[PDB]
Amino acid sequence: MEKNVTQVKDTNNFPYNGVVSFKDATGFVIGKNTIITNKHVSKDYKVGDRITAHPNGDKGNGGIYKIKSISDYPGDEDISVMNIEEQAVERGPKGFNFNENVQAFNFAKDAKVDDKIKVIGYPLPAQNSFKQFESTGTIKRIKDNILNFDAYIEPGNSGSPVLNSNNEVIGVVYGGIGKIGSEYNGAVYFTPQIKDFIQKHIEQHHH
């Protein structure tokens, strides 16, 4: 029952500038024009729907962007990749370019139980007028593609990155119903098959 949650002061610096906001969920930047979220988020949103880059409430954001394509992982795991139209619908401080207004996360090489982790995202975004929050805790179990962690989350954290102490991404917070009665939370743990699927969807050039 770890509850160590802080309001993010400045979302314009990494890792905070790698996190994106849906109307009611979270995602994060993994590469050029590319974000990760979960399948619950990808069921709710469609091509042409919009994300906001790293909003800090009404203090501003890195722009508003259109979802260009959605690619759900073909395995059972709760993970989706979305590609983003590079030209913003509404500009960020660094201009209209998605990539200049965000910084992508790198994959962690691995993780182990008891590692210190951080979840960054948008809990209760209506109630907390889209402020970004960091929630800190530890890994409780890693089994195949299942990551159980002890860090406080709320509705809206669905799709949040789970980060190691060096701000590399280890997994993505579940959007599905959690284990009943459990004070711990779940995430898809990034294994080689999942990393490969993601990497194959990252963009590299302009058309």
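One rule holds for the numbers: they count along the sequence shown, beginning at 1.
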What stretch has the higher average Cα B-factor here, 72 to 80 or 131 to 139?
72 to 80
State which stretch shows the higher mean Cα B factor in the entry: 13 to 21 or 193 to 201.
193 to 201
Taking the Cα B-factors listed in the entry, which of 156, 63, 27, 181 comes out highest?
181
Here the Cα B-factor of residue 149, set against its chain, lands in the third termed lowest
Is residue 89 in the lowest, middle or highest third of its chain when residues are ranked by C-alpha B-factor?
highest
Should residue 41 be placed in the lowest, middle or highest third of its chain by the C-alpha B factor in the entry?
highest
Report the third (lowest, middle or highest) to which the CA temperature factor of residue 51 belongs, ranking only the modelled residues of the same chain.
middle
Going by the recorded CA B-factors, say which third of the chain residue 109 sits in, lowest, middle or highest.
highest
